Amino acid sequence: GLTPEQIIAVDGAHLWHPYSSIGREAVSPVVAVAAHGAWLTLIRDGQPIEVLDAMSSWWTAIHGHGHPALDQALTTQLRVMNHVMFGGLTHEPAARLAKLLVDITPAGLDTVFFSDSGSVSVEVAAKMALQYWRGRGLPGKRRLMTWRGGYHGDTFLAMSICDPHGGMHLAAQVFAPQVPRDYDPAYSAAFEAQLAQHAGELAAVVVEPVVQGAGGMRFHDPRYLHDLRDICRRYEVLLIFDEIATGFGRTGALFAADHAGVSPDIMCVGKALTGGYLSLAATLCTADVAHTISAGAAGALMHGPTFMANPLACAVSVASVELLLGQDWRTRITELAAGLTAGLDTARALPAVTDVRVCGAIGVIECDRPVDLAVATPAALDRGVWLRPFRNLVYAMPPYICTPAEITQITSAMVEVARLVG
């Protein structure tokens, strides 16, 4: 056991944090001691306080923390079978989860490859695309194309398709310009012309549909995805959708691809898949992709993580997916978006604010200058909210269980850090 003071001492000496230093941290981490529902208990000045998890712990906690149905699914599975190797063995949690994911994802995605993290699932999707074209006798189709503004994880291949300026740029991939928010057919015509020149060396287009999360919380018209589907079909390039942040209702559709009625050839999901309990991700592909890989000289997808298809993670994901589908989740997200829109409207008039935008249960204030976390974090904590701004963005992706009142507290805190920026 450790007191909060001892936690901070160990942390400062021995723990790396995301995109951080050791011993140069201008702001040291805050100790979290409990989480329940939409609330985190954090230690502030040696006193525990409850604050709203406005970020859903980086998009994961869609049902909140410690939801009784998800806890019970985990403890039920734990009593039976914690984990067995997926080499030569299968089990009921993987089968239940695979069946669910195939039924609820865009039509045509009928096979499921489980992995342990989103970045790995993106690498599996790339491996699938590359082995597909090798199986078609076109091994020159080796590169990936994307548009700027994206984020796909931190492994070396995933990094090669992240926005180059938001990754300090590895494989040299093809980047189209930033897709705009409002639909401009000239953008799609130019994307096509750029892809056409590279078609013979391109295995896939990879994009985040409708919402680009970690790269800038930018939204784009779903009609762009119909254009990509059509360009990819006409030029013999696969289409991969990275729905690791957008899946499971977040943008108001079950998957963002559903806003456009398009099906990619390959899709990645993660994050909210387990309700934020455990790391799990999945890469889905069409029957054609699967059969082409399996019929190639290679004969098999050469990927297999040790903890593939972990029964505990699958069991809680089954419960999390069923809990979502068993409720009127579509109405719940619409009400969340309306609450975010009403709460963030005051921000439109603030002098440091450039844009306010909402899409499903995602709210964003974009500012004209970086927001200083040394100012933003205490301002938000004083208002009972945990917010984590980055670059010039103050944003929220709240749990689906937040009441109207909790949304008022979250948006009030966002507007106030925006007011403090100017």
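Residue numbers run from 1 along the displayed sequence.
Per the record, residue 181 and residue 182 are directly connected, with no deposited-sequence residue omitted between them. The deposited model assigns a higher average Cα B-factor to 99-107 than to the other stretch when 114-122 and 99-107 are compared. Of the two segments examined, 43-51 and 371-379, it is 371-379 that shows the higher average Cα temperature factor in the deposited entry.
When the C-alpha B-factors of 311, 270, 185, 150 are read from the PDB record, the largest value belongs to 185.
Ranking 351, 177, 247, 264 by Cα temperature factor from the entry places 351 first.
In the deposited entry, the Cα temperature factor of residue 56 places it in the middle third of its chain's modelled residues. Looking at the C-alpha B-factors along this chain, the one for residue 384 belongs to the highest third.
When the CA B factors of the chain's modelled residues are split into thirds, the value for residue 361 lands in the middle one.
Split the chain's modelled residues into thirds by C-alpha temperature factor. Residue 130 is in the lowest one. In this PDB entry, the Cα temperature factor of residue 327 sits in the top third of its chain's modelled residues, the highest group.
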